[PDB]
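In: When you get a sec, could you give me coordinates for this:
(chains A, B, C, D, E, F, G and H, ligands or ions: 13)
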Amino acid sequence: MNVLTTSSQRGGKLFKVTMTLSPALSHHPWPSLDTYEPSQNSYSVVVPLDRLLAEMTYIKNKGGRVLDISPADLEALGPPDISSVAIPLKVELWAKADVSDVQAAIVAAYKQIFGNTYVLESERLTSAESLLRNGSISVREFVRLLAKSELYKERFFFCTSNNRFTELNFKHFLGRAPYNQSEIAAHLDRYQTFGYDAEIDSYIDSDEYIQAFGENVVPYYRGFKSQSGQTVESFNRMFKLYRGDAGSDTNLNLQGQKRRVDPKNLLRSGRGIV
Amino acid sequence: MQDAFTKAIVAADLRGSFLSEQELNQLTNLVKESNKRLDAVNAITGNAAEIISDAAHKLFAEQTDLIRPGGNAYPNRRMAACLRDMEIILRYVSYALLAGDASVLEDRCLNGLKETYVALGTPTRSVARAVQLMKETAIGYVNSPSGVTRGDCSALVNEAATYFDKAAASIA
Amino acid sequence: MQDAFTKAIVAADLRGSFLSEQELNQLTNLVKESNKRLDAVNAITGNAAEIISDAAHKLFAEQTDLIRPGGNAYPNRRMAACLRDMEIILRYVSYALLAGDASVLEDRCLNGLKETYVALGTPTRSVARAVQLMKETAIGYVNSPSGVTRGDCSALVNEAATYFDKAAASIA
Amino acid sequence: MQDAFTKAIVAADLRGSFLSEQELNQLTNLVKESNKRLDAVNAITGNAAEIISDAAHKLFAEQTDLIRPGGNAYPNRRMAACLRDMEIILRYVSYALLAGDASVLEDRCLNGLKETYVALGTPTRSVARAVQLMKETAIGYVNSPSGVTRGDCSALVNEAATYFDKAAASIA
Amino acid sequence: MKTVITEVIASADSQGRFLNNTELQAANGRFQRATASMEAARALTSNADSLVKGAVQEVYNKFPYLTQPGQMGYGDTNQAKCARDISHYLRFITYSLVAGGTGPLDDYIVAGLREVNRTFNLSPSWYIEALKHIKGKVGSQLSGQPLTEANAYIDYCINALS
Amino acid sequence: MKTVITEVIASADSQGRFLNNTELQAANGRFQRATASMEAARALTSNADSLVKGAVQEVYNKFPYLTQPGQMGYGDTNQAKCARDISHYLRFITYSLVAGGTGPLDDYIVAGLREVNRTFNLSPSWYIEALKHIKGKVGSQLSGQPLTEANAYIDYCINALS
Amino acid sequence: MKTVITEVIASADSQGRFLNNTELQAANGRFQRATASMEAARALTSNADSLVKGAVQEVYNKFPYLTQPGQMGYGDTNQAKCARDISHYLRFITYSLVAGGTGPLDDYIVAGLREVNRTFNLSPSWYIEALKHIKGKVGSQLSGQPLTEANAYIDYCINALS
Amino acid sequence: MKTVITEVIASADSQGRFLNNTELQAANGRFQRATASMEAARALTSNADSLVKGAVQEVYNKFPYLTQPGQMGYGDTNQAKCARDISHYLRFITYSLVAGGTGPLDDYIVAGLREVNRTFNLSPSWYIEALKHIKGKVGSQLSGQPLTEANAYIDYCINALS
Ligand SMILES: CCC1=C(C)/C(=C/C2=NC(=C\c3[nH]c(/C=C4\NC(=O)[C@H](C)[C@H]4CC)c(C)c3CCC(=O)O)/C(CCC(=O)O)=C2C)NC1=O
Ligand SMILES: CCC1=C(C)/C(=C/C2=NC(=C\c3[nH]c(/C=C4\NC(=O)[C@H](C)[C@H]4CC)c(C)c3CCC(=O)O)/C(CCC(=O)O)=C2C)NC1=O
Ligand SMILES: CCC1=C(C)/C(=C/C2=NC(=C\c3[nH]c(/C=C4\NC(=O)[C@H](C)[C@H]4CC)c(C)c3CCC(=O)O)/C(CCC(=O)O)=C2C)NC1=O
Ligand SMILES: CCC1=C(C)/C(=C/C2=NC(=C\c3[nH]c(/C=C4\NC(=O)[C@H](C)[C@H]4CC)c(C)c3CCC(=O)O)/C(CCC(=O)O)=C2C)NC1=O
Ligand SMILES: CCC1=C(C)/C(=C/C2=NC(=C\c3[nH]c(/C=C4\NC(=O)[C@H](C)[C@H]4CC)c(C)c3CCC(=O)O)/C(CCC(=O)O)=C2C)NC1=O
Ligand SMILES: CCC1=C(C)/C(=C/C2=NC(=C\c3[nH]c(/C=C4\NC(=O)[C@H](C)[C@H]4CC)c(C)c3CCC(=O)O)/C(CCC(=O)O)=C2C)NC1=O
Ligand SMILES: CCC1=C(C)/C(=C/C2=NC(=C\c3[nH]c(/C=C4\NC(=O)[C@H](C)[C@H]4CC)c(C)c3CCC(=O)O)/C(CCC(=O)O)=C2C)NC1=O
Ligand SMILES: CCC1=C(C)/C(=C/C2=NC(=C\c3[nH]c(/C=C4\NC(=O)[C@H](C)[C@H]4CC)c(C)c3CCC(=O)O)/C(CCC(=O)O)=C2C)NC1=O
Ligand SMILES: CCC1=C(C)/C(=C/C2=NC(=C\c3[nH]c(/C=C4\NC(=O)[C@H](C)[C@H]4CC)c(C)c3CCC(=O)O)/C(CCC(=O)O)=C2C)NC1=O
Ligand SMILES: CCC1=C(C)/C(=C/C2=NC(=C\c3[nH]c(/C=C4\NC(=O)[C@H](C)[C@H]4CC)c(C)c3CCC(=O)O)/C(CCC(=O)O)=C2C)NC1=O
Ligand SMILES: CCC1=C(C)/C(=C/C2=NC(=C\c3[nH]c(/C=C4\NC(=O)[C@H](C)[C@H]4CC)c(C)c3CCC(=O)O)/C(CCC(=O)O)=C2C)NC1=O
Ligand SMILES: CCC1=C(C)/C(=C/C2=NC(=C\c3[nH]c(/C=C4\NC(=O)[C@H](C)[C@H]4CC)c(C)c3CCC(=O)O)/C(CCC(=O)O)=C2C)NC1=O
Ligand SMILES: CCC1=C(C)/C(=C/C2=NC(=C\c3[nH]c(/C=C4\NC(=O)[C@H](C)[C@H]4CC)c(C)c3CCC(=O)O)/C(CCC(=O)O)=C2C)NC1=O
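Out: Numbering: from 1, shown residues only, chains lettered A, B, ... in the order given. Ligands and ions are numbered 1, 2, ... in the order given. Okay, here it is:
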């Protein structure tokens, strides 16, 4: 039932389903009380298209809750290829820029900071780019400017929860997944009492940020490689965070901007207080 | 499964209490309006086929893309699936209406439904619309019926719509 | 499923080797202490009901929250589920104790268990505690039984404890 | 399931059209070469066992780690599973070759396969290689058989190769 | 949770079917019956305090030995947990009265009853005797169809415990 | 999608088995038959326009009343959707001819047919009469095994509708 | 992995049941019998290799055409892989002796045996003859219940190959 | 009927394999254990008379009220049926001792126990107390592995009743 092979038999579109079952579907044949196996708390099964409506109806009745439906063939092509991003290409802006040296930087900051969503030409931050070109600001300075912009506020903040925002923030600004439940919490409390702007500053003035990017380096991916003071399970979070080269942050998804890192998963790396 | 009484009972129990005189009379009123409720559920059952048919005719009148090749209500197999879903949703809305509680609708029908449709490529906005049309027509029939004592059946009419609107919201 | 011998065999095979004289005598010692082991497993089987009951009485003595509406060992259905889980865990701990290896416990009982309870809203810390109480009483029985030959069972009492402690750790 | 004609039909239908004279003659050509196709499928069926065996002998000649303890084609149980998978893949490649379309191969065999092997700890690069060896030998047979009429089968040998290459790519 | 309404809906759903005249007739029974049920409910609700103390005592009067030291009707905690338990039963009886079915009793007291009582050394006999007493006194708080309803559910608990 | 090729492959797969002489003999039938099938297909393809207008009209000539006001053969939209529907049938007939089996008909017109026709108040009789007419005219566009093929599939639709 | 201990535990688990006197009596058998088993194990362990070279050769002496060129008992690699294979069998025999059951043999040699031998053109007859020889020599390394144990498992392999 | 012998045979049959050396020791355990078991059996057999009268009385001494009029330890027939019932338990204990497993207890006393006791208003507490007493006295009739066996089965009955 778990992770599948194949798609169809006569022909179908197999969908794999996931639920949470009562002892009504599955119980042991024991002398007392009806219980399902504790590890099949959420169970998944792959069903071809016709049997599918009948299965969902049954599951819902006897008590289960469907958690997901997704085609099997989507889910057979693995996990993302990460070769492009295991070790990236760094882009850095020099002291006397060359006229297109600076062109390189802007295109990359865009891609990285905005998480590969398209920024259309009406959309670009032109006045701010003027500034970088003249040297009035530096690459880190410019990077902070994009984050406080409406375009950044609008595709990533306004329409999703704070859990999601912060998780995106780590990906964009720091290039790495969020290590702890404390990190999520520490941030949510800051936004709540100092506002959005103070909270944005907190990733860009951090010691972690400063070491790796310094000030003239565009933030680049770095979570597919071992880092310091990183729990070990933050390397699996990175797969959940980045879905491949053609994937992007996208707020235009049918289901909306949502999570990607399970809250349960974060707790595995440690729980304390505050 | 819950009905309006069962819901009261669950909330009372979570307090560790016998039902409040507040809750008692809310339920006495549901019994008071129950003949009207039975007529309202009967209005839907007695016109189920036409409610689905009329919703359908109108859905495809508006969205002629669904019945072109490439469209999600083409060919016959897909149209039959779409007609079937219209019936399934109208059915659970009528159950909720007999029950005085949305839970059967949310638990057996709406739970997971949006994600099913997205997996399938079924345009949820079109499905939401088909539900809005069923609502219009379903609410229509109850008002003018054959030989029933004159009175105000109006309050009852509001109970249906939120169930139709729950389904629409849940799916779009 | 593994037992203490089977475990030895799997590690030997991964070297491509006949069992080391090291491993041989470790297993000869297991056979040496096996009568004591049988008494230890028998101590648990012979008092299973009381071990669960006594753990239970004490769990709810400490934590009245579960006993009150809103609590995870209320009403009768939930208490029966909780009593049943206490038995299931005590059962797999006794199996591990006959086997000289934790694997049956980890593979058939502990694997996924925490995530089950969290999905259910079952307070894992309370479940961990119920396991700690079963341990106290179970070992009590392993140490003070009916006309067993006098000797030292501390090695086995430790090993039983680690199985109780595995379960607790895995769940909390 | 699709074959080369069925594929044409699905693309035509998505236009809302009767098959193009373009598509018609592409399919007339498939009928033109169909005796050769039958011989090509027959070449594989008639030597399936040797194709698997010879691929196998050579896979383990190259990768002597798989047949050591610790290796994924050790002990007999695992070798039988590996021999079985070689047969399964050769089987779906022959089906695709009769069909003139890869879909049965992709849908019933390749879909999810890589993730299965990774879950299992089966070295996908070794599996890819076993597929490359089956390809060499299978095509060998397609090209040099028992008293078949002399002609040019290179088009079919290519197409068979792409099915072997699809599988390899999908798995590695 | 078993009520006339949930039962007919369950039966329709499981045949993929709209509610029909069979099912709506059934529902009318449950609604027509609400008045008697809810009168029983109100009477049992306001007398709860004394119905519980009456039945608790009767358990000790019928099983005198329970109240001696070393026994399970001794000390504040046993006697407290007893009152509570009978109160749970009366509570679910009122719920079953109000709900139009045994659901609340089935889900919150019957499912699991014996396993629990057996682990905790609680004899059903006490509980039957608590309920037999409650049944005696409810003879003069109600009459007609409210009494029949009260009786239906009290008896339902006594059969669950035998 | 049901063709001779998919059928034999399905039967092999389901027994975990390579294609054998039984299955390859079958395939040769489908390939040997392609010439007649595809001649029928080309003739039905180029005459489509008129075959459709011929059958549409015949539905009105056999059911005169359909074309009166308040009826389902009246107004541009009904008469338009009719031509389209017969065109769908001829289209899938050509597909079934080209494919070597009923698959295209089974998957795109037969699966669900009655439910749809019943919800939309479409009588099969019209469609049978459209097809009976198409069958009459195809008598002089084809002959021999191309006609037999055309007939096979037209008749298959008529049986699907009875 | 099948041992007396795992078997009784499996049987308890599958009935949702604590180990009882039936199951503990069984376990005592396995523990009481460890001494003889483990003596056989130590003797088979230290007197090991030569058994492999003896049996390998005997396969060629009984199937002379084997050690001739073009055959499967010729060249370093065949003769090397043979010694290895008999060594695998003796290894799992010792494991089965030590484990208290056939598990190691069932899981690592029996499951899949015929499929593998059939794909690789390995005749069971060789392996039976290797084992028959090993059985002859083990007659004078052991006696009493250690010999019976050694025999039990050697014979188990011979039956697996017939 | 569950014995070590029947269990291993059941497991083979369901699995189709010859009784082999893994299994033989299970059986050897049961046979090696027979001496202690059967000593317990002989001692419980000849003391039966008094073990039964001792336990019967102890039920009344621990539940004094049982022997008052209107109660279930009063009159010749109740007190007669009690002795009989404890005698049934001791009888099946001896059978389980002799048989090498809990089978006789499982089939003749455990299967159905609670349903019967619940219909007839028989409290398990009595029976547990009968058995606790029998366990006290069997402390000085036996020792060593015969006592452990006697205990195993007495305790098995007490757990069946809790
Ligand atoms: C593999 C062996 C195995 C285990 C271990 C197991 C655990 C398990 N415990 C469950 C429920 C439960 N477990 C408990 C346990 C407790 N409640 C408390 O408050 C206490 C802290 C604790 C008792 C110490 C309760 C109350 C439920 C019911 C939860 C509910 O339905 O609301 C369920 C859901 C199915 C059911 O209710 O039968 C599973 C699968 N199932 C298994 O098959
Ligand atoms: C705060 C708002 C703001 C202003 C006002 C601004 C001015 C500004 N103008 C610049 C360049 C420039 N500005 C001009 C403007 C002109 N050339 C002419 O011959 C005309 C006289 C005149 C147009 C009327 C030109 C040609 C450059 C490019 C100079 C070069 O790179 O050689 C630059 C260097 C960075 C860049 O090229 O983007 C800055 C910062 N930047 C800002 O962020
Ligand atoms: C998008 C807007 C937004 C919401 C709604 C939000 C919720 C939210 N609540 C959190 C924690 C929390 N929320 C609560 C709330 C409660 N505790 C209780 O017992 C009560 C029932 C309840 C108060 C009524 C507590 C106690 C925590 C801390 C949990 C812990 O760390 O142990 C966290 C983890 C991060 C953190 O601790 O800062 C998030 C993301 N975050 C957001 O950004
Ligand atoms: C690695 C290289 C790479 C690829 C290939 C890529 C694909 C890609 N296409 C996207 C959107 C899109 N792609 C299309 C494309 C189409 N719409 C149609 O109807 C046609 C069938 C089709 C054009 C032929 C459309 C319309 C969207 C916007 C969807 C939306 O926001 O609603 C998005 C979401 C982010 C965004 O909108 O910028 C990604 C990531 N992104 C990448 O970085
Ligand atoms: C619990 C009760 C229940 C519901 C609600 C349900 C929905 C549901 N609708 C489905 C398909 C479908 N649903 C539709 C519906 C539509 N197509 C459109 O274009 C319109 C917008 C819409 C009609 C208003 C279509 C066309 C399919 C078939 C999709 C396909 O196979 O391509 C399927 C896949 C299984 C199947 O095709 O039978 C499920 C499970 N199943 C259930 O058991
Ligand atoms: C078999 C299932 C079943 C049905 C259908 C049922 C109907 C039913 N409708 C009733 C009343 C009624 N029904 C209506 C209904 C209407 N009044 C109008 O003017 C509108 C056209 C229509 C709106 C829906 C009205 C106004 C009454 C009288 C007021 C009342 O009893 O609430 C009554 C009370 C007796 C009476 O006054 O006739 C019953 C028993 N009872 C049942 O057991
Ligand atoms: C039916 C399955 C079965 C059981 C249960 C079994 C028990 C058993 N326990 C034994 C010894 C013993 N058992 C114990 C056990 C203990 N000593 C203590 O002080 C602790 C309270 C307890 C710790 C577990 C000790 C100390 C011995 C004597 C030393 C030994 O033989 O290892 C012996 C050796 C004979 C004897 O000395 O009495 C047997 C046969 N044999 C069996 O075939
Ligand atoms: C849809 C058709 C289909 C395919 C393709 C399939 C693959 C497949 N291969 C499997 C195992 C396996 N596959 C292999 C294969 C190999 N080992 C190696 O070292 C080599 C590199 C390779 C042979 C070339 C092995 C050794 C296992 C057993 C893994 C284990 O249990 O440890 C399993 C797990 C179930 C089982 O063991 O039977 C599946 C599902 N199953 C299917 O139903
Ligand atoms: C039982 C199922 C079945 C099979 C297998 C079948 C085979 C078959 N292969 C044929 C031809 C042939 N087959 C081949 C095949 C090859 N030429 C080569 O040099 C390559 C080694 C090989 C590549 C695959 C060629 C070249 C012809 C002659 C040209 C043609 O007819 O297309 C012919 C035409 C008669 C002939 O020329 O012999 C038949 C009937 N017919 C059937 O009904
Ligand atoms: C929701 C429905 C529900 C019921 C019915 C229920 C019964 C129930 N009674 C209990 C205990 C108890 N029940 C009693 C009952 C009595 N003691 C006396 O003085 C009398 C003889 C008798 C009253 C007639 C006693 C003494 C205990 C304490 C048992 C113990 O923990 O030793 C417990 C154990 C947990 C606890 O200690 O509270 C449960 C679950 N629990 C529930 O959740
Ligand atoms: C892929 C294969 C396929 C078929 C066969 C098909 C049939 C089909 N015919 C329909 C309607 C229709 N069909 C007709 C048919 C006719 N009107 C006349 O003048 C004649 C009597 C007759 C032609 C013989 C009419 C009038 C409608 C409109 C029905 C309505 O919406 O009221 C509809 C409803 C959606 C729509 O309004 O287009 C379907 C699905 N749809 C498909 O996707
Ligand atoms: C874990 C238990 C286990 C067993 C038992 C086992 C048997 C086994 N023997 C093999 C080959 C072999 N086995 C032999 C056997 C012999 N050659 C001779 O000289 C004699 C006639 C005979 C010894 C009696 C030969 C020659 C090969 C090479 C076959 C080949 O690849 O052509 C292979 C193929 C992989 C390889 O080439 O190593 C397996 C899997 N593998 C295992 O993993
Ligand atoms: C084969 C195994 C087996 C068992 C164990 C068994 C128990 C058993 N005890 C019974 C009755 C009884 N059991 C007792 C028991 C007692 N009375 C007392 O004085 C004491 C309190 C207590 C003894 C500790 C009494 C009084 C009855 C009569 C119950 C009645 O019919 O009212 C009955 C009802 C049939 C009958 O009246 O004989 C059964 C079946 N029957 C069996 O076939």
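In: drop to CA atoms for contacts and neighbour counts, all remaining ones
Out: Noted.
In: How far away from the center of its chain is stretch A:64-82?
Out: 16 Å (Cα atoms, centre = their mean, to the nearest Å).
In: Please read the previous query as pertaining to stretch A:113-123.
Out: Chain-centre distance of stretch A:113-123: 17 Å, with Cα atoms, centre = their mean.
In: got the buried residues for that stretch?
Out: Within stretch A:113-123, the residues that qualify as buried are A:113-117, counting by 16 or more other Cα atoms under 10 Å in any protein chain shown.
In: Stretch E:28-42 now?
Out: E:28, E:30-31, E:33-42.
In: cool, and stretch A:93-105?
Out: A:93, A:102, A:105.
In: what are the phi and psi angles of the last one?
Out: Listed backbone geometry of residue A:105 is phi -60, psi -40, with angles given as degrees, to the nearest 10.
In: now residue B:149
Out: Recorded main-chain torsions at residue B:149 are phi -50, psi 140, according to degrees, to the nearest 10.
In: What segments of chain A are helices?
Out: Using DSSP state H, the helices of chain A run over A:51-61, A:83-86, A:101-113, A:126-134, A:139-147, A:150-156, A:162-169, A:181-204, A:207-213, A:234-241, A:263-267.
In: For residue A:266, which residues are in contact?
Out: Residues near residue A:266 by Cα atoms under 8 Å, 6 or more residues apart in numbering or on different chains: A:179-181.
In: give me the element residue B:49 is part of.
Out: Per DSSP states H and E, residue B:49 falls inside helix B:48-62.
In: what would the contacts of residue A:266 look like in CSV with distance to chain G and neighbour count?
Out: Formatted as CSV, these follow (distance: Cα to the nearest Cα, whole Å; neighbours: other Cα atoms under 10 Å in any protein chain shown):
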residue, distance to chain G, neighbour count
A:179, 40, 22
A:180, 39, 20
A:181, 39, 20
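In: Can you tell me which of these is nearest ligand 2?
Out: Using Cα to the nearest ligand atom, residue A:179 is the member of those that sits closest to ligand 2, with 37.3 Å.
In: Verify the contact between that closest one and residue A:230 for me.
Out: Yes - look at residue A:179 against residue A:230 with Cα atoms under 8 Å: they come within range, at 6.2 Å.
In: Can you pull up the residues of chain E that come close to ligand 10?
Out: Neighbours of ligand 10 within chain E, by Cα under 6 Å from any ligand atom: E:56, E:72-73, E:78-79, E:81-82, E:85, E:88, E:108-109, E:120, E:126-127.
In: Got the phi and psi for residue 114?
Out: No chain was given, so I picked chain A. Torsion angles, degrees, to the nearest 10, at residue A:114: phi -90, psi 0.
In: That one contacts residue A:169, correct?
Out: No - using Cα under 8 Å, residue A:114 makes no contact with residue A:169, being 9.9 Å away.
In: Correct me if wrong, but residue E:17 is in a helix.
Out: No - using DSSP: H, G, I helix; E, B strand; the rest coil, the assignment for residue E:17 is coil, not a helix.
In: Would you check that it makes contact with residue B:91?
Out: Yes - using Cα under 8 Å, residue E:17 is in contact with residue B:91, at 7.3 Å.
In: So the two - more neighbours on which side?
Out: Shown here are residue E:17 and residue B:91; by other Cα atoms under 10 Å in any protein chain shown, residue B:91 has more neighbours (23 against 15).
In: can you pull the buried residues of the helix or strand hosting the more buried one?
Out: If you go by DSSP H and E, residue B:91 is part of helix B:76-99. Within helix B:76-99, the residues scored as buried using 16+ other Cα under 10 Å are B:76-83, B:85-99.
In: and it with helix A:51-61, angle?
Out: Angle between the axes of helix B:76-99 and helix A:51-61 is 10 degrees (criterion: axes from the mean of the first three to the mean of the last three Cα atoms, to 10 degrees).
In: quick one: helix B:76-99 near ligand 5?
Out: Yes - shown here: helix B:76-99 in contact with ligand 5 (Cα under 6 Å from any ligand atom) through B:78-79, B:81-83, B:85-86, B:88.
In: out of those, who's near ligand 10?
Out: Counting by Cα under 6 Å from any ligand atom, nothing from the residues of helix B:76-99 next to ligand 5 sits close to ligand 10.
In: Output the residues you listed in JSON lines; the columns should cover distance to ligand 2.
Out: Shown next, in JSON lines, are those (distance: Cα to the nearest ligand atom, whole Å):
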{"residue": "B:78", "distance to ligand 2": "56"}
{"residue": "B:79", "distance to ligand 2": "58"}
{"residue": "B:81", "distance to ligand 2": "58"}
{"residue": "B:82", "distance to ligand 2": "56"}
{"residue": "B:83", "distance to ligand 2": "59"}
{"residue": "B:85", "distance to ligand 2": "57"}
{"residue": "B:86", "distance to ligand 2": "58"}
{"residue": "B:88", "distance to ligand 2": "60"}
